[PDB]
Every structure is written in structure tokens, then in C-alpha cells.
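Enquirer: what's the 3D shape of this:
(5 chains, ligands or ions: 1)
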Amino acid sequence: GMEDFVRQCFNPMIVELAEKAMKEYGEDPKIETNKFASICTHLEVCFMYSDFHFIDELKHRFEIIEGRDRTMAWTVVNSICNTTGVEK
Amino acid sequence: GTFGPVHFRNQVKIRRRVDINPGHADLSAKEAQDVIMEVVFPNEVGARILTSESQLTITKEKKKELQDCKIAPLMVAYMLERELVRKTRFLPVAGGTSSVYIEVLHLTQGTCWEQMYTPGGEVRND
Amino acid sequence: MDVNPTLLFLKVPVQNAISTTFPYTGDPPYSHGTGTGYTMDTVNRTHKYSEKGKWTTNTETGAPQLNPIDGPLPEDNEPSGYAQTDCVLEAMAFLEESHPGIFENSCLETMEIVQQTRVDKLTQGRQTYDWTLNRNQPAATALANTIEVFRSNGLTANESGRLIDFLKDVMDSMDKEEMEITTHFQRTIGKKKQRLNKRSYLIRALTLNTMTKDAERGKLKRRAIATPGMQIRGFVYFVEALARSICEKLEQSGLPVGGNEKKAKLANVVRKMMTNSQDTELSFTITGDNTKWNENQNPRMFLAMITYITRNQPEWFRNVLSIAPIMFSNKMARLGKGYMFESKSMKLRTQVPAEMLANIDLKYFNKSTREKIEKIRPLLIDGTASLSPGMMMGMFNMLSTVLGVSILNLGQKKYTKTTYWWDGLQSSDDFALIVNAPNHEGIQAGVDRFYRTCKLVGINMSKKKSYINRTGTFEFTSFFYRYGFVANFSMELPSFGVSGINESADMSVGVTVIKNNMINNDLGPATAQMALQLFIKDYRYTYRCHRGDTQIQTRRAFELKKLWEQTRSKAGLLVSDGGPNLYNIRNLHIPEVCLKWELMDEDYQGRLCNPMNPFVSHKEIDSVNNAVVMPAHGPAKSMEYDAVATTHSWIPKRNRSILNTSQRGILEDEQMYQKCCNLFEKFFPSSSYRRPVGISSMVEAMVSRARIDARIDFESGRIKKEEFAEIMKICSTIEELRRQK
RNA sequence: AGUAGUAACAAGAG
RNA sequence: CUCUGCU
Ligand SMILES: *O[C@H]1[C@@H](OC)[C@H](n2cnc3c(=O)[nH]c(N)nc32)O[C@@H]1COP(=O)(O)OP(=O)(O)OP(=O)(O)OC[C@H]1O[C@@H]([n+]2cn(C)c3c(=O)[nH]c(N)nc32)[C@H](O)[C@@H]1O
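Expert: Numbering: from 1, shown residues only, chains lettered A, B, ... in the order given. Please find the structure below.
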């Protein structure tokens, strides 16, 4: 019994993002729970990376591209590349 | 266009597929759609990236031309689809099957007459 | 001196002047009142042609059902629905043999279509019966209602977006012991909930709605047509897809091709028959429709054809293809509005719904309706008549023409095993069959063999209105062939005149119709000029857009006169603004805005082509610069027109008669749905151009897009600190509203 | 009355 | 007294 441990040892919204993403990709999250744990930890670390760090003279310095649906993630990437000119 | 004499002849029109919109031959339908997404909805492109040099050049010129265009993006996208994507149609014809001649088919070829007409402008080398 | 137009045929051959034999200038015959009588007549007639079949009672719906399959062989020339399973299977087997791999390749193509087909495909189509409301609704509306009901019932397997998943939900719904729906009753608005038992929902899922075909030309008596429910259409789409894939691979099947594609295919095939026929062989061509074709095409035979076609395919594919014939074999036909009873002595009217004909006394009816009610009473169940046999206005046109072409291919010399042989063209109930035989006796023998074989398969040739002549001239689906198809302009006359889309779309459509008729239907140039003049006059009168210089008085005359005085270049004015008509044979293909662009006044050009004008409204790309046109004969056509979107591209008022009916709530819901969708486009401009994707709610996508757009705009400097702060705070407020609910 | 034709209109719903 | 003129 590990999935309950993942549920109880993570932020509710982080696990929500993990499960919604997986369900988007069409995987049964009750069997391959190792990928579930890996995705959850990766999202968590990304949030910490973008946590408490702000750009100001308050605004988030780091935009978390992961954890959002594919079209929205690519929309974010395209908008950033079109405004700043960074290569897509 | 140049209008020559009209000749009354026993016209025999055969039904065959012709092109009404030649499209941008170098770019297939999918490439045209990708270019349209780039030009009209750059942010909503997604993961697609333009590779064919023809795509890059036409996307560039169109973006430069479409600068500060208040026209609805949907209309611009539809007009670009018409301009770029090739479209064919089965039509009874008697002369050239190129678009420059099909669009004036009503004017040129008739039941008993042929109107010798030469559409103006450049003609595709193919 | 008695002038007689028909005597013109003494010199001009009938085909060359066939246009004169079309009264299409006059109004088509419409149907007044209810269609319940026509539906009852159709049900009784269909059950009469199969009376010698086997009677059973369905164990699920409880309604009596009639099976004419493998019934007694016909003993007379009257139409008969006793199709033989062995004969149809044999015809399909020989079709497969003569066209190796047709079934396999078609099945794989259908497999890929089934894989890649989404639920949104069902939005296409019109007047789809909505089981939730017991009335005809637009296909999209009926689909949305069915999806909502399924979601409320736990059928939450359709969010994948795939049509096959929706079909799985459809079966799961039928297997449910009970159902819940939402209906509005006004007595004040009440959103009541109705509970349907298993049998009632089953009956209302197989129910087929019926109405009377209006504006139908060439028939003295009106006929009843039917439209299916939402459950049926899903499987019907796949069945038709497979049948159409099969048809495209058949030389004799001209149904999938249309218009000039249809004419070219038919011309080529008839030419091939005339070519491969031996010189010494006597050749004849038969023109004919099939009497009671729809009433006799039993759905059990369609099930047999599908099962044969899906041989060796995956069992799930066989299921997906075979479900539709199963449901149709157990289909039910709604009667309709009902009847209207009058009392002259007391001078009052009343409308009796068709649901209460199974109990009403028979003294209220006239003789004909009296006997129709008496004959149909056994089949009446819950306001619907069981119609297991036949195909009441079936949509299996593709499958039916597959069967017809299979029988048609049965005429090859390797199959006839005789001197005579036959081929031809099949399309729905119409056929043109060419018989080649050494002598007239051979021609007659071949004709008899083909007719008897058709009787065996269930196809009944109409001897009443079919005739045979020497090969070279014939008729097929209102196409008259006289050694080569001849143009019949009278068919396209109703298309002329004001279409009624809007001022710009209607000018573009009128000029395009004239141009297309010149190209196709042999519309001479002088007659083209006539048509242009008459269309412009009709357009001006309809749109009250006479030239400003004219003295004609109309409620729009003052504004047009003021505009006429205002403009410096009169020629640049559009015809909708009192400008002159510059059209001619030269420029029928040029939109008026582009034609008069160089002549337009600068200010007038800006006002007319102002993108911020409130008149222009743009829906999804699929409904841009296109219109639906109904020809005198045939189904609806999607006509695309070239028009520059100007202030004249407005929308006409929408019928508000639903405002004073119990079902206004649907209209309100539509309003709100649009209110949401337009905002989604405000956040995702490409939603209109191409359908958006995602699983998250609309609010989540919009708020995330707003946040990211705010950050990018700030970085580019398009917005200041205060604007970004307000946007972020509003987004947080939206989040709190969603959370609290 | 009359339109019209196999069933309706000759207003309908509050 | 209000609503509708293809619902
Ligand atoms: O549209 C037609 C043709 O123009 C009408 C067009 N086309 C030809 N050349 C060009 C061109 O340079 N640029 C453009 N834009 N378009 C061109 O393509 C179509 C040509 O095909 P079609 O006319 O339908 O038939 P055909 O000309 O016979 O084409 P195809 O059958 O493919 O054969 C092409 C040449 O091959 C020769 N050839 C074939 N084989 C097997 C042999 C061979 O074994 N030995 C020899 N000596 N030659 C062979 C054919 O004879 C033909 O010359």
C-alpha cells in the first residue's frame, strides 16, 4: 500500500495536477503508481523552485509551465517566446 | 485581360476536375494551415514549428503586411486558407483548366461560342 | 388558331426542350395540417407488403413485430418485402468475388474513421428527433441534451470526445433500469424532473419521428418523411461511412459522387457499357424507379449485408456496424401532431393528439381515417406504431445502393451463364439498367431474370412508371440522357432570385448562381444578362435599396437619397446603398465590394468596410461565406460564395415564437451558452478558427490564460503595475467564486 | 362564403 | 392587457 502514502504525503493541489495530467494522457493511476509518485515529486520540486522567489523593483519570478494541460503549456511557451524573442 | 474575337463553333465541353484556387503549390494544405496559425494566432500555434523555407518567407511577408490589422482574425484566417490551400472542382470545360481560365469560364467558353480571352498578369510556369 | 406549346415537341426533341415540361416557376405543393394520416398510411402499407411474414412480440419493448425475411416467394408483380437471406448473401458474395478485397479495404477504412471520429460529428445534420423533448430539435441541441442527460445518469464515459464512447454510453443508457430527465412546465417556470422506466426509455430511444415532406415537386399526393433520434444517428453515421466507402469502389454506384461528379461518373459508365457491348448484340436500356423502395428495404437484410461485409473483422467492429440495423429492425414510428376535429353546429375547433388514437372512439373519423386507425391499432404502443419491417424514409441510402449495385453486378455473363447480360447505374431507388442480348427474346429473358432476382432480394421494380427503349437515351435521378446528358435549366430556376441570407451574401449568391448556371446548365449570355437584370430588380425591391436618384418611396428611401447626395463617386456605391449595377458577363465572378473598390469614396469605403461596425457577426469558420441552398430535387447543398464582409453582412431577426411557449428555457440556456463561448473566444481567439482542446473547465482555462497574458503584457510594457495588480486580483476573486460556489 | 385538397387556414397562446 | 407570424 503506497498510493495512500503518496496521497497523504503531498500537497492536495500538487497531487490534483498530477492525477489530472495522467488522466489527460490516458493512464490508469491505480496500477502504475511509480509514475504517479515521480510526477508528483517533480511537480513539487518545480513549485519549490518557483516558491518565494519574486521579481520586483510582488510578482512570481518563475512561471510553472509544467502541471498545466498541453495546449495551455504551449500557449504559455509561445507567448513568452513571442514577447521576449527567446527561441521556441 | 485581353479580349480577342468571339468564334461560333460546335463547342464540346467535357466534365473534368479543374482547379478553382491554385493555392500555394510549394506548401501542402497542412503547411498552409500551420502558416495561417503562425500569422493570425501566433500564441495558439502550439508545438508546431515552421521548417520549410517557403513557410518562413510567406509567414514573414504576411506578418509584415498584416501589421495592425483590425479586421477580425477569423476572416483573415479564412481568406488565407482560400489564398494558400489548393481547391479543385469538377466542371464542364473546353479550354485551359488553369484557375486564371476557370474563374472566367462562364465568359470564355459557351455552348456554341468561344470568347478568345487572355487573363492578365503573370502565369505559373508549370 | 389554338396555340399549343406541346406541339413544339413535333420538331424539337423532347429532351432538348425538356425544360418546358417543368412547371417550377409556380409554387411547389405544400402540405396543410397534420402528417398523422400519411404516417399511418405508410405503416399500414409497409405491413401490408409483408403480411405473409412471421408475427412476433418484442420481449423488450413489448410491441408486435413482423418478419418477412424468407417469407413465401412472390406470386404476383405487386411490391413485396419477402427478401431471401440466401439470395442477399449470394449477391454480396458475388459482389466480393467480382471486386476482390472491396469489403476488406472498406472495413479497414471504416476502422480508421471509427477510431478518429468525434462526437462533434453528430452536430452536422438538421431536424434530429430529441427523445428528451419528444420533438424535433437541431442536431447539436439534441446531442447536447442527450449528453447532459447521460452525465446526470452516470454515463460519464463520453468526455473522451470519441463517437464510439458515446455509443457505448448509449447502450449503457438503454441497459439502465431507470432514467431521469429535466422538463419545463409553466403554470411562472417550473424545472420539473421526469423519471422514465426501462421500457419507456427503450421505446423512446427507438422512436422515429415523422413529418410531411413539404415543397416536394412532381408528386400529386404528399408523403411522410421521418427523422431519427440521437441514439440511432451515432451508429447510422458509421454504417453509412462503411457503405459509402464500399460505394466509392463500385463503378455502378453513383450515389456518393454528386453534381458534375455524378454526371461524369454516370456518363463514363454508360459509355463503357456501350463500348464493351458486342456490335451484333441488341442493346436496350431500362429507366425506372423502384416502387415502395423505402417501405420494402427490410433492416434485417441490412444486418445480413453488414455481417457478411464485416466477416473476419474484429468482433467489436462487427458490433459497431451491426447495432444500427438491429435498432432499426426494432424501431418505432411516432404518429405526429394528431388530427383536428371540428363541430359545425357548435362552431368550434380542437386538436386531438396522436397519442390518444389508441383509445378514442372511431365515430369521429371519416371512412379512410377510420379504416387506417382500425388497421394500425394493433401496432400502437405508447403513442407510437411498431414499424419493424420496411425502412420508413431510411437514411441507409448508401447501403441500399450497395445492395442494388450488387444485384446489378449479378448480370455479368459469368453470372447469367447465358447470351444476355446486363449492367447499369443504381442510386437509392433509381436505376438505369442496360441489357445486351443477341435478339429481342434474349433482351426479354434478361429483363425477366433481373426483375425476378430483384423481387427475390426485396427490390420491387416499378412497372407502373418504368419503360424500356433502345440503348442510347434514358433518364436517371431527374437527369435526362439523350446520347449525352442535356442541360435542364428549369431545375435551377428556383435557385434564382433573392436567396435571403443578407444584402451582401445575397448579391454574391445571385451573381454566383448566374455564373454557375452559365458554366453548367447552358445559360446563354443574353439570357444571363436577362437573369442579372431581373435579379438586380428583385434584389432592389426586396432590400428597399433602389437607386438614390429614383423617386420610389420606401421607408429606406430617405437614407439612401441622403447617401446618394453625400457620395462624390456614384458608381462606387454598392447596389445595397443605391449604387448602380456595374455587373455584366465579364465580372460575374468578382464580389461587388472588390468590383467597385477603386470607385468607392474614401470615407464611404471606410464606413462600409469598418471592422468595428456592429452589424457584422462571425461564428465558427465552418459558417463563413457559405450558405445552405435547397434545390427543387435532392438534399440540402452547401454553397460557398465569395463576399467581402461589410456592414451589409448582418444577421436577420431570429424567430421569437418560442418566447411564448413552455420551452423558452432552452432559448435562455442558448443565450447564456453564447455569452460564455464569446468570452472564451475573447480569451482564445483561435477557438473559432479551429476547435479548442482540453479537459479543464472553461473558467480554469480562461483564468490561466488571463494570468499569463497579464504577465507577458507587463513584461512587454503594454500594461502598468496597477493594471496588472487589478487583473491578478480579479483572477483571484474568480478563483474564490469558483471555490465557494 | 373563400383559399385549398385526403387536412388545414378562415389568428393563436397567456 | 402582454407575447408570437417557420417552433
Ligand atoms: O500532364 C502530363 C504531362 O504534360 C501534359 C505532364 N508533364 C510531362 N512533362 C512535364 C514537365 O516537364 N513539366 C510539367 N509541369 N509537366 C509535365 O505530366 C503528365 C505526363 O503524363 P501523361 O501525359 O499522363 O502520360 P505520359 O506522358 O505517358 O507519362 P508517363 O506514362 O508517366 O510516362 C512518361 C514518359 O515515360 C516514358 N517511358 C516510360 N517507360 C516505362 C519508358 C520506357 O521503358 N522506355 C522509354 N524509352 N520511355 C519510357 C513514356 O514514354 C513517357 O515518355
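Enquirer: From here on, just use CA atoms for contacts and neighbour counts.
Expert: Will do.
Enquirer: Could you check how many residues crowd around the residue in the stretch 251-400 of chain C that RNA strand E sits nearest to?
Expert: Proximity of the stretch 251-400 of chain C to RNA strand E (Cα to the nearest atom of the strand) peaks at residue C:337, 11.5 Å away. Burial of residue C:337 is recorded as 17 neighbouring residues (other Cα atoms under 10 Å in any protein chain shown).
Enquirer: my guess is it contacts residue C:353, does it?
Expert: Yes. Taking contacts as Cα atoms under 8 Å, residue C:337 lies within contact range of residue C:353: 5.8 Å.
Enquirer: Centroid-nearest residue for the chain?
Expert: I went with chain A, as the question did not name one. Closest to where the C-alpha atoms of chain A average out (Cα atoms, centre = their mean) is residue A:67, at 2.6 Å.
Enquirer: looking at chain B here, not the other one
Expert: Central residue of chain B (Cα atoms, centre = their mean): residue B:21, at 3.1 Å.
Enquirer: Distance check, it against RNA strand E.
Expert: Distance, residue B:21 to RNA strand E, using Cα to the nearest atom of the strand, to the nearest Å: 33 Å.
Enquirer: same thing with residue C:68?
Expert: To RNA strand E, residue C:68 is 38 Å away according to Cα to the nearest atom of the strand.
Enquirer: So what does the nearest residue to residue C:58 once chain neighbours are set aside look like in phi/psi?
Expert: Once flanking residues are discounted, residue C:58 sits nearest to residue C:64: 6.2 Å by Cα to Cα, 6 or more residues apart in numbering or on different chains. Note on residue C:64: backbone dihedrals following degrees, to the nearest 10 are phi -60, psi 140.
Enquirer: so what's residue C:64 up against?
Expert: Contacts for residue C:64 (Cα atoms under 8 Å, 6 or more residues apart in numbering or on different chains) come out as C:55-58, C:378-379, C:386.
Enquirer: Among those residues, which one has the most neighbours?
Expert: Using other Cα under 10 Å as the neighbour criterion, residue C:386 leads the contacts of residue C:64 with 30 neighbours.
Enquirer: hang on, isn't that one packed against residue C:376?
Expert: No. Using Cα under 8 Å, residue C:386 is not in contact with residue C:376, being 9.1 Å away.
Enquirer: what about the residue found closest to residue C:628 once you drop the neighbours it is linked to in the chain, is that helix, strand or coil?
Expert: Spatially, and ignoring its direct neighbours in sequence, residue C:628 is nearest to residue C:638 (4.7 Å; Cα to Cα, 6+ apart). The three-state label given to residue C:638 by DSSP: H, G, I helix; E, B strand; the rest coil is strand.
Enquirer: list the contacts for residue C:638?
Expert: Counted by Cα under 8 Å, 6+ apart, residue C:638 has contacts C:626-629.
Enquirer: ok, those vs chain B, which is closest?
Expert: residue C:626 (11.6 Å; Cα to the nearest Cα).
Enquirer: show me the contacts for the closest one.
Expert: Residue C:626 neighbours (Cα under 8 Å, 6+ apart): C:638-641.
Enquirer: Tell me what it is bridged to.
Expert: Beta bridges link residue C:626 to residue C:640 when assigned by DSSP bridges.
Enquirer: which helices and strands does the helix or strand encompassing residue C:271 pack with?
Expert: Using DSSP states H and E, residue C:271 sits within helix C:259-276. Under the contact criterion of 3 or more Cα pairs under 8 Å, 6 or more residues apart in numbering or on different chains; DSSP states H and E, helix C:259-276 touches strand B:14-21, strand B:87-93, strand C:421-427.
Enquirer: so which of the ones you listed comes closest to residue B:80?
Expert: Of all those, it is strand B:14-21 that lies closest to residue B:80, at 11.6 Å by Cα to Cα.
Enquirer: can you tell if whatever helix or strand comes next after the closest one touches chain A?
Expert: The helix or strand immediately downstream of strand B:14-21 is helix B:29-40, counting by DSSP H and E. No. Judged by Cα under 8 Å from any Cα of the partner chain, helix B:29-40 and chain A are separated, with a smallest distance of 10.2 Å.
Enquirer: Please work out which residues outside helix B:29-40 touch it.
Expert: With Cα under 8 Å, 6+ apart as the contact definition, helix B:29-40 has outside contacts at B:24, B:44-45, B:48, B:50, B:55, B:58-59, B:62-63, B:73, B:76-77, B:80-81, B:84-86.
Enquirer: and residue C:13, backbone torsions?
Expert: Dihedral pair for residue C:13: phi -60, psi 150, per degrees, to the nearest 10.
Enquirer: Next: residue C:285.
Expert: Per-residue torsions, residue C:285: phi -130, psi 130 (degrees, to the nearest 10).
Enquirer: what about the helices in chain A?
Expert: For chain A, the helices defined by DSSP state H occupy A:3-8, A:12-25, A:33-49, A:70-84.
Enquirer: in the first one, what's buried?
Expert: Of the residues in helix A:3-8, those buried under the neighbour-count criterion (16 or more other Cα atoms under 10 Å in any protein chain shown) are A:3, A:6.
Enquirer: hang on, the earlier thing: okay if I get the contacts of residue C:64 as CSV plus secondary structure?
Expert: Formatted as CSV, those follow (three-state DSSP):
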residue, secondary structure
C:55, strand
C:56, strand
C:57, strand
C:58, coil
C:378, helix
C:379, helix
C:386, strand
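Enquirer: Could you identify the most distant pair in the residues you listed?
Expert: So, the contacts of residue C:64 by Cα to Cα: farthest apart are C:58 and C:378, at 13.6 Å.
Enquirer: Just tell me which of the helices of chain A ends up closest to residue C:151.
Expert: Per Cα to Cα, nearest to residue C:151 of these: helix A:12-25, 18.2 Å.
Enquirer: and the closest one, is it in reach of chain C?
Expert: Yes. Interface with chain C: helix A:12-25 contributes residue A:24 (Cα under 8 Å from any Cα).
Enquirer: relative to helix A:70-84, how tilted is that helix?
Expert: Relative orientation of helix A:12-25 versus helix A:70-84 (axes from the mean of the first three to the mean of the last three Cα atoms, to 10 degrees): 110 degrees.
Enquirer: which other residues reach helix A:12-25?
Expert: Applying Cα under 8 Å, 6+ apart, the external contacts of helix A:12-25 come out as A:7, A:28-29, A:36, A:39-40, A:43-44, A:67-69, C:695.
Enquirer: Give me the neighbour count for residue C:601.
Expert: Neighbours of residue C:601 using other Cα under 10 Å come to 19.
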